[PDB]
Protein chains: 4
Amino acid sequence: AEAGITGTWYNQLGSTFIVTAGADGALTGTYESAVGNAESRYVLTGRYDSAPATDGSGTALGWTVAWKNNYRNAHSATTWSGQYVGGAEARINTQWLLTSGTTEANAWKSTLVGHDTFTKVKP
Amino acid sequence: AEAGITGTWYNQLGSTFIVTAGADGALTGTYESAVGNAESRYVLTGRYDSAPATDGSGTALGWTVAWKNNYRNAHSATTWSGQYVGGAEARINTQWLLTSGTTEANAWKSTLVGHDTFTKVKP
Amino acid sequence: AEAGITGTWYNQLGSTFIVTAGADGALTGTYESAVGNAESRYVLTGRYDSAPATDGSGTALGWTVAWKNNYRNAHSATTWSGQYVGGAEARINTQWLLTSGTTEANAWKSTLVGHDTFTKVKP
Amino acid sequence: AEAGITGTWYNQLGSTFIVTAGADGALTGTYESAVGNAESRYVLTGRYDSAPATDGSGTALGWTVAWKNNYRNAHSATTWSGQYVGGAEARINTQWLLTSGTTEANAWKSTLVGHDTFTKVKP
Ligand SMILES: O=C1N[C@H]2NC(=O)N[C@H]2N1
Ligand SMILES: O=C1N[C@H]2NC(=O)N[C@H]2N1
Ligand SMILES: O=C1N[C@H]2NC(=O)N[C@H]2N1
Ligand SMILES: O=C1N[C@H]2NC(=O)N[C@H]2N1
């Protein structure tokens, strides 16, 4: 976990995120998306539960990125929830929620759901 | 947004979270759950997209909490994705993902999904 | 369950669905939405798990509706997954997935997620 | 679509489902899971939106399976929402919701979410 988490990861879409897992459960870094209404790097902050594991389980973790930087303001934020698995072929398997700011009338369709798998190798 | 977000919020289950929305999109605070394998307060970090809004839209935001503190280690993390609506009856409407650390064999059932609505009044 | 499920239900948005729970786990009926790219009634088919319950649990069930009829073809389908609770104030609590037909390029944003609560009374 | 949908499909976990897409949007068949609290075949019913597509889009569809047959009664149901893509390497990409019957107290953790990809070849 923690050490194993620190570094650069890439997913199936071609996004990249560089994160640092600090000693007490914090995750800090940047996310650069390949698709969407995103452009350049965005700031990401999150948490992981280590003290994870005498039965080779993954470490649970999650992070958030608001799609606003000095080039684009997409009026939305995405949160990724999943677990890290270390080893030869370490990966982070997640499911994500992307919510857009809407009017109360279209709030019912404000969130998209999907999944991403990240590897230390691209892809 | 930001100012409107800062403060104490409560949801339908009885949880409470106190957050501070910093000038550049950061959310920091603590979460105390009423249900679950949680006990006391946990640290939460997240982000919001303001610069939100000439058509009364909500501000998109999200946060993460790892369920580990000095009393309990649940080996899991939850991320909430949603939007803030200010006004007389301001609220944050979210959908959440709770992932548990599992073995590769039970990873397919590692995540629960649900929804929570927070108000400045309880509830 | 089954008997208790048969009838007309209404949700928070104002949609209505009339369903018949057949003896062996089948659900058949029509759905009329209030929001969306829907217009009139659409056909719905689904299943429930009864033989549900010596500890007052809800009955698990789910259904699907494709948003095509003789007035509109929205190129999408929604599935609702949840449980029925009977009693004075019986209700069906669900979470739903709405998927739209897209090109491989926008498949990552093809699904919206949300939740609906149905009562025998409107609302 | 429809014709292309009819047949036997397999997913990443090793489950199999045989379905028949009828002329007017109905899907009928059986599902046999490889993981879970399932054993043998279960009945599945659902719908698809064809009249799908001058821009090579997928056809939206969804189905439900209640995990009860003459060998097991898991007190739960799963709904799959996604789209079919035909061609050399045709597939159905979905996201699913699995809800279990619980007491009102544990209803907040009654649903798991995940994703499955089905191919005509295993896997
Ligand atoms: O990397 C990305 N994954 C997907 N989810 C999301 O929020 N934007 C897309 N980009
Ligand atoms: O406040 C809470 N909401 C629910 N989601 C979650 O992660 N734990 C439960 N507690
Ligand atoms: O009744 C409805 N609920 C929402 N989900 C959906 O698919 N369309 C909307 N209509
Ligand atoms: O085929 C399966 N996919 C997963 N989702 C589900 O409901 N059970 C598991 N089996």
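The sequence lines fix the lettering, A, B, ..., with proteins before strands; numbering per chain opens at 1. When a ligand or atom number is given, it counts from 1 through the structure's own listing order.
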Candidate pair D:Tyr42 and D:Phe17, rule side chain to side chain contact (heavy atoms under 4.5 Å, CB included), full reasoning: CA-CA 9 Å; D:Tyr42 299 82; D:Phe17 85 75; over 6 Å; no
Test side chain to side chain contact (heavy atoms under 4.5 Å, CB included) applied to C:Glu89 and C:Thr119, step by step: CA-CA 8 Å; C:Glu89 290 258 324; C:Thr119 40; 5.7 Å; no
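- The residue from D:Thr16, D:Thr79, D:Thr99, D:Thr78 that puts a heavy atom closest to atom 6 (C) of ligand 4 is D:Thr78.
- By the criterion of a heavy-atom distance under 4.0 Å, the side chain of A:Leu13, and not its backbone, is placed next to ligand 1.
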Side chain to side chain contact (heavy atoms under 4.5 Å, CB included) assessment of A:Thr102 paired with B:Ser57: CA-CA 5 Å; A:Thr102 66; B:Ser57 295; 5.6 Å; no
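- For the side chain to side chain contact (heavy atoms under 4.5 Å, CB included) with D:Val19, the qualifying choice from D:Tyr48, D:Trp63, D:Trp9, D:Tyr31 is D:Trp9, the only one to do so.
- A side-chain donor-acceptor contact under 3.5 Å links D:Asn69 to the backbone of D:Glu39.
- Checked against a 3.5 angstrom limit, the closest N/O atoms of C:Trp108 and ligand 1 fall outside it.
- Atoms of ligand 1 found under 4.0 Å from any heavy atom of A:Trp67 (numbered from 1 in listed order, with element): 7 (O).
- Residue contact check: A:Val35 has heavy atoms under 4.0 Å from atoms 9 (C), 10 (N) of ligand 1.
- More than 12 heavy atoms of other residues, nucleotides or ligands lie within 6.0 Å of NZ in A:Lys120, so this atom counts as buried by the packing criterion.
- In the vicinity of C:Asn11, heavy-atom distances shorter than 4.0 Å reach the ligand 3 atoms 1 (O).
- Contact record, C:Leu61 with C:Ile92: CD2-CG2, 4.1 Å, taken as the closest heavy-atom pair.
- Taking a 4.0 Å cut-off on heavy atoms, D:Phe17 fails to register as neighbouring ligand 4.
- For atom 3 (N) of ligand 4, the nearest protein heavy atom (residue, atom name, distance) is D:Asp116 OD2, 3.0 Å.
- Under a 4.0 Å criterion applied to the non-hydrogen atoms of A:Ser15, ligand 1 contributes the atoms 1 (O), 2 (C).
- Close N/O approach between A:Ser33 and ligand 1 is found [any backbone or side-chain N/O within under 3.5 Å].
- Those atoms of ligand 1 that come under 4.0 Å of a heavy atom in A:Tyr31, given as number and element, are 1 (O), 2 (C).
- Looking only at distances, a side-chain donor or acceptor of B:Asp49 sits under 3.5 Å from a matching main-chain atom of A:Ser76.
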